[PDB]
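We give structure tokens for two forms of one protein chain below, kept apart as structure 1 and structure 2.
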Structure 1
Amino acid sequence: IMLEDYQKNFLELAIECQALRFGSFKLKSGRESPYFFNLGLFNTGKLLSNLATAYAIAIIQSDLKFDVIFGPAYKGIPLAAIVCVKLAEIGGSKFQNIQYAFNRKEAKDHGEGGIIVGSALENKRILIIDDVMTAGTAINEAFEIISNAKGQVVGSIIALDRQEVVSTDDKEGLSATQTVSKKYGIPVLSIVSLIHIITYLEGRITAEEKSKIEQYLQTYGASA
């Protein structure tokens, strides 16, 4: 339960800008969650740079080799851009050829056409970047988009691993990130997990929100 420097830095900022919030939220999966992590609150020049640094440190740590960083609409779009920039800035010589890409929700019926903006994906190694993983639906849809574009996914990175199951009916009790990793045979990286949030906020948190967090995790929390 010991946090790394860049994780402590990231979580400190997440609290400051109110990216991490407690209440009542309908997730994309339709789950009623007592907390929500909104990366859209990292919205100053400094916070965006700090956010990009957090991802870049996690990516550098993994020693993963890739050509394009792909961010799915919508949260993934600014993420792909800022992290691509950051990796070329702090990568030294390893990420000097690094490219970015993202998708439109719908194919463009004029201009250059297509759904992919940025780098062409065919025959390139792709890192998928996103904000959070819950049930893993978004990443699976991103995988298909990339597969259809003839790119090869070599990994994924998220800011927050919510440590939830794909479905409550899954027998092994593997988290979404673990399921995706095993399913595609690729590393799934994260800056922090829910466990890091709980252990970091330990020094200054109720004790009433914890009740709702534990109640939510009995339903959706991974056990493996």
Structure 2
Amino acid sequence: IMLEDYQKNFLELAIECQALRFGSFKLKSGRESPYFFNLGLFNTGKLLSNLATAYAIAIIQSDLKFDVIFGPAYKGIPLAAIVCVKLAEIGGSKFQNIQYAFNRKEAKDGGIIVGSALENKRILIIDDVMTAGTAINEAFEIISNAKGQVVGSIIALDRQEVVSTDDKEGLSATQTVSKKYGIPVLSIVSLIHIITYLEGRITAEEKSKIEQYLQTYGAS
């Protein structure tokens, strides 16, 4: 019903740098979507600084307790690094000693995990986006092999869409993960927040097409 400042600022910048675009788009499904999102267009030092901030404040506000931030290769690698830093920078004394880690796709001269031993540490997984859960599934396999404990996940944008329109539980991608693994899936923003930001920027008519999109596909 209201957006935190960090969430306004994130959405303002995503639209400005064209990471978030509005129009008529199709997913793999073939499903219509009224926007497109590509976190990769946060691609300058300024925009990465702001992104790091936005993830960090989301994590700080969740009150989740964790020891390590893990990013799945490849796109999670820089995000885990920049967020680990910004948490120490703005989070106070409880985030000074957070570690980061990530996986190589393949070992070498050994190691799949780059970082300190995950054994007995509480892990937050950070990525850009979640759809079928395949990066999450791979991270759990890797982590649980190393005796780490995953306590949560965070993505940039939660689409808050039902994975299937036939499915009568009406579970989104993040919900599905959260149920299977028993952990929170946090996000900087969700579809409801995009909708709220748009109030007073778009026409009555346009407002009614987006607040019907969510009737057909919105989760739970």
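In this text, rigid core is short for the largest set of C-alphas that superpose within 1.5 Å between two forms. For residue numbers, the reference is structure 1: its sequence is counted from 1.
S.K.: Taking only shifts of 2 Å or more in Cα after a rigid core superposition between the two structures, tell me which of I197, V68, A56, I157 qualifies.
M.R.: Single residue meeting the criterion: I197.
S.K.: Inspect the rigid-core superposition and answer whether the C-alpha of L39 shifts by 2 angstroms or more between the two structures.
M.R.: Yes; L39 is a residue whose C-alpha shifts (by 2 Å or more) between the two structures when the cores are overlaid.
S.K.: Fitting the rigid core first, would the Cα of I186 be found 2 Å or more away between the two structures?
M.R.: Stays below the 2 Å threshold, so no.
S.K.: Supposing the core is put in the same place in both forms, how far has the CA of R104 shifted between the two structures, in Å?
M.R.: C-alpha displacement of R104 between the two structures: 0.5 Å.
S.K.: So, with the core fitted, how far does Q218 move at its Cα between the two structures, in angstrom?
M.R.: In the core superposition between the two structures, the C-alpha of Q218 moves 10.4 Å.
S.K.: Core superposed first, then measure: what is the displacement of the CA of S93 between the two structures, in Å?
M.R.: With the cores aligned, its C-alpha sits 1.0 Å away.
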